[PDB]
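Take a look at the structure tokens below, where one protein chain is shown in two forms, each on its own, as structure 1 and structure 2.
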Structure 1
């Protein structure tokens, strides 16, 4: 499926430390040690809702991972999905296709590297059916005892390690399950936390054939199946927003560990903070939705959006504000001024520190502040290095995606 166009990626000479990331499971910062090809599955967007700045912040976070892996010479397999299953006046495809296209233009304008496999959830029905078949034949799944709606459910206890990815207690799991798409009170389930794998065909819903009856795939098995068939057991990073910690990434990992037998679906679970506005979460109800195309219409440099979001650590829940935008504009204007000078101070140390800072769990505040300091040195004192203004500009392009 079509994603978006990639920008030119300049080559930064030299090399920096290997990337280390916070793992949500272990709750600690550990090395990311991929093979020659580095693998990444980030959960995509839902076209039936508005894609806002918090969502963009997530894909920008994994853009840095992608760019840092490219800087270290890895070839990358970036896989991303689109949750076009479940959730009007005009058909659900019409207004749904438009949100996906606007997402492409928002990603392209932000110079986000596109995934190598953009897999719609409707183009992966067979892969899901394959995994459910394996899960049923091993006893990990069952068919609920219902006459008209023989739903297929994944046993919460199919994996001994269930709950390792989120750390949540069972009550917290039950409370989140109800509010994030689960059906803890569906009759016939052996355990409240059992996860739907195949929803039985209901009258009025589109359906797909399968050996266990017609219906639709479950949310978590969609992602589990796409990642398994496109990347396999050697998945370096499972990524997404923090709301996906439970249930989504717990069950999606449990499904895959059940079929493959491996202890860990992904070597790293990497979760981003949310981006709110005025002390409030962003949603269509509150009318506080801060969109990327809204800012672009208002004449906001996309690079300024990146720097605004990078001014905070990717794991911090934080808030967008006009003060944040103003500081990003001032920073962008100052970085552009210094990198335009014909000569500047040597940039070897700051580029080294930037690479170290980004390797240290994507410490973009330290990276931004270190670049601020060199720019201020360049503009206050000058220098005799005729290459460092361009060297810093291309470093900022390749590693941060910012176009000066």
Structure 2
């Protein structure tokens, strides 16, 4: 698809640890991740404004660990990620900024590429802009209308196309939310529960009819533009198929976004479950809200880099907390990450060190146990403190620890 970014070198660490076990948002429990020879991952990409904030970084670094752990286990990986380059919040920001929405989106997607490369994040194999996926959205809305899962609303001026929330009997399995909770979150996260003519308040926009002052594309259901959830449903389905191991993204995507994107794909395919695991993570700003320029809580990766922060310290700072805990950035967090990075660099610069077999095995076990980076970091702290306090006589373990931290954590010592 679009140009993404360059991968760093990935060293190969001899040996293997346990297979990855991951919490599944849908079943609300840790379950084994069991891919075929090619493991498949779709992670919802950015809406291209506000650069790469630390919420972005926390999300895509978490899936970088999965990517890296799959490669460590010998899997081939198919990583697909989108860009929501046409989007109502994007239009709003562009109008507020006095800039064209495509100039804004192109510029911010480029800043994302640069931050992802600086953070040494492994790139997706297919990087797909929403505007380049219109045809696949159209093909799949055609299928949804043919089966009756979708309908055109009775509105001559604005004949929007909607997906029936009861098109699948299992609608709601991924979030587990009841109707009242869905109504609240649907309204506050882009849905239109009060739109006249819908069969159910929870019916989701599939194709928004042409409006004055809005970009539009041709289609057999009239000129318009895609709904948000069917964009990612169609990209994931057409690129990966039904054998999706992981659907991932930020915390707020549990509902409505991933609930409907799964329901759209299960309805067209007849399959019971779109993805085997649903994985959510992110990070709030200082005020407990998602990071946004208009809140004055926005911390950008490029800001940290301009202040002289090592990108590996950003990774370590984000990894100091578990991805399903409420992570928060602060000066204290940055300071411990800087001190941890310097400590690790000291030990891996030693002429000789104690055997690294146990700590590498322990790091692999902790990462395999629902990405327990706090305990993996603590195990490395312990090996480093033993090497620096008491020493050892393996001339290879300093480099071997550095290469493992590189391959598995993306941290460059």
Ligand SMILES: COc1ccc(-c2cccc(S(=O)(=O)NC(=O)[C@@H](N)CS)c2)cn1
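Take the two forms, superpose them, and find the largest set of C-alpha atoms that agree within 1.5 Å; that set is the rigid core. Numbering follows the first chain given and starts at 1.
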Only one of structures 1 and 2 is the form solved in complex with this ligand; identify it.
2
Just one of 343, 26, 363, 49 has a CA that shifts 2 Å or more between the two structures on a core fit; which is it?
49
If we fit on the core, is the Cα of residue 187 displaced 2 Å or more between the two structures?
no
Shift of residue 281 between the two structures at or above 2 Å (CA, core fit)
yes
Please state the CA displacement of residue 381 between the two structures in angstrom, with both forms fitted on the core.
0.7
After superposing on the rigid core, how much does the Cα of residue 316 shift between the two structures, in Å?
1.2
